[PDB]
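Here the structure comes first, spelled out in structure tokens, and everything after it is commentary.
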Amino acid sequence: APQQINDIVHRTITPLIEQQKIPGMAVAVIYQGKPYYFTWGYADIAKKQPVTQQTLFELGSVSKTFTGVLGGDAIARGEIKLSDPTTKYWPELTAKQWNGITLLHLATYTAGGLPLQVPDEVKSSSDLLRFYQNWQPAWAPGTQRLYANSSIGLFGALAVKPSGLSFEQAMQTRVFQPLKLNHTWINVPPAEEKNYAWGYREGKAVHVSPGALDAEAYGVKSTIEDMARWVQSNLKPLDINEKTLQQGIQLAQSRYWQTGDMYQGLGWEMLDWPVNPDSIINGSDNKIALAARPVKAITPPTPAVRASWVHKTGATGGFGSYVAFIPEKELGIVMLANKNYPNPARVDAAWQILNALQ
Ligand SMILES: *[B]([O])([O])[C]([N]C(=O)[C]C1=[C][C]=[C]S1)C1=[C]C(/[C]=[C]/C([O])=O)=[C][C]=[C]1
């Protein structure tokens, strides 16, 4: 790496790892569209396995960006429309609260207060149907944003229905394979387990548990190298040769709703660049990020704005991840850690690094 990149990264991350007690971390900086990698510490404390460029981390909700792009690709293929009623793809959702709830609302957390988590007791396809049938919206559709796995999770399940493929196969075939994300997995194969970091929660080694709509909302595992490649693909979709995929990436960065100075895309969230660091830093904090907030519709949605800080935080019980990029500066960052540490600390470090290089 250029010594400038080396120095800001180390000067920023070293203190972060110390303060937050992070066992292991990988960082990629995308600078003028070239990746630079950094790693520290342990993928597996017990077995003394270091973090490397090949280590798999749980992305947690950064997975929503893949779901949003896969959904965008389905739109581009003419398979679904964001204006379609939810019931078009799940006619068994007959409870009348679903009248007027579209794929758009599901994708963008504006259905009317779908819950943050799908309950644990929901397992089968029939459990899930009952869950959404019984759900009572707090609000009319398209009025309030409440970040929710059960909202975008369902968008992901329904978006792949016309394709005939499982969500995993659609993702593999239409997103991972075309982008050469060859070490990115919904289900980690046995052959790759050697590279799968442990998460650490209270110093216990943990991996994410199976859950309804897990793949769609929080179930991708990836390497810093693949995640650098994901960032490059989203920074410059016009370099992508697969037409519907290029378009899908563009659709996931359109601005559908605004709350405060934040705009909701499909999985990605966006602010105008230059951003006020306090606005993203404090904004990443969980009970701003996870709070009920009125939304203003963007009618019609603004296509991907190049001068944006585009980002997503993600967590599992044992991992904390963050991705942020600025299309107009060909600049981006990925931070993957096997501890779930506070979001503001993530955005703060990312901001310090990208501002220095911008
Ligand atoms: B995201 O990342 O946003 C998501 N994820 C999930 O769900 C996964 C998991 C499992 C276990 C735990 S997590 C979410 C997250 C949250 C939170 C976080 C913290 O706390 O950190 C919530 C919701 C969703």
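The chain as shown is numbered from 1 upward.
If you check the header, you will see the structure was determined by X-ray crystallography, 2.0 Å.
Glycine is treated like the rest: Cβ placed from N, Cα and C.
Feature annotations, reproduced from Swiss-Prot:
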- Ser61, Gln117, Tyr147, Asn149, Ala315, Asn340: beta-lactam binding site (BINDING)
- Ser61: active site, acyl-ester intermediate (ACT_SITE)
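DSSP assigns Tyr147 (beta-lactam binding site) to coil in the three-state reduction, placing it in neither a helix nor a strand. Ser61, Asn149, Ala315, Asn340 are the binding-site residues among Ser61, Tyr147, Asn149, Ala315, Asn340 whose C-beta comes within less than 6 Å of an atom of ligand 1, given in sequence order.
Residues listed for beta-lactam, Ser61, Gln117, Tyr147, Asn149, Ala315, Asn340, cover a largest CA to CA span of 18 Å. The Cβ of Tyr147 (beta-lactam binding site) lies under 8 Å from the Cβ of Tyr109, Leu116, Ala289, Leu290, each of which sits 6+ residues away along the same chain. Burial estimate for the binding-site residues (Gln117, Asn340): highest at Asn340, by number of other CB atoms within 10 Å.
Counting every protein chain shown, the Cβ of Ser61 (beta-lactam binding site) has 22 other Cβ atoms within 10 Å. In sequence order, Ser61, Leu116, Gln117, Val118, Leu213, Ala217, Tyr218 make up the list of same-chain residues 6 or more apart from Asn149 (beta-lactam binding site) whose Cβ falls under 8 Å from its Cβ. Sequence-distant neighbours of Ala315 (beta-lactam binding site) (same chain, six or more apart, CB under 8 Å from its CB) are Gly60, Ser61, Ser321, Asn340, listed in sequence order.
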